[PDB]
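What follows is one chain in structure tokens, specifically the form deposited in one PDB entry.
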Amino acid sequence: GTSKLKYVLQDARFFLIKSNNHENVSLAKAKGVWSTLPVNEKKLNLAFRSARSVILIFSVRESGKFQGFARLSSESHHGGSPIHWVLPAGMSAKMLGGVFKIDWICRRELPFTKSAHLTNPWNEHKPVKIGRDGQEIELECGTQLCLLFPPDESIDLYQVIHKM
């Protein structure tokens, strides 16, 4: 069902995460971590303190899809074992140095064709697929987008509700 999912998304904040490659999203799914550039790291840290749930919705550049969504379980922290991210050109490792812990809510894909009816007020009412890495998605649009994903029956949200 969708009741626990709706509970987790209640009064949540939502952020679009753009990845330049699939390898980093795969690593995030396996290890439950994400790192972003310092401008977005600061925004996510502020949001984590401000809201019951902060949701990252992932899209690999040029894939035409979202690859799933996850909830922050921590602010960013430094000094773990360096995550072996695949850096795009110009991207350095100190740039991606802060590591957030995340709990996946859905690891299934959603094609952009299925979200064409959803527009984001915080990005000029452009289709929600459109946005830079870190773009915030308004509550109603973000909730409806998350509800469009296929259900992920491998995930039990009971432990996530307890983190809240």
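Position 1 is the first residue in the sequence shown; the rest follow in order. Just so we're on the same page, rigid core means the largest C-alpha set that superposes within 1.5 Å between forms.
Beyond what is shown, the protein has a form deposited in another entry; the following relates to that form.
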After a rigid core superposition, would you say the CA of residue 37 moves by 2 angstroms or more between this form and the one not shown, or not?
yes
For this session: Examine residue 91 after superposing the rigid core and state whether its CA is displaced by 2 Å or more between this form and the one not shown.
Result: yes
Quick read on residue 72 and residue 79 CA atoms in that other deposited form, 3 Å or more from the shown distance, and they're closer
Checked in that other deposited form: CA of residue 79 to CA of residue 107 differs by 3 Å or more, atoms lying closer
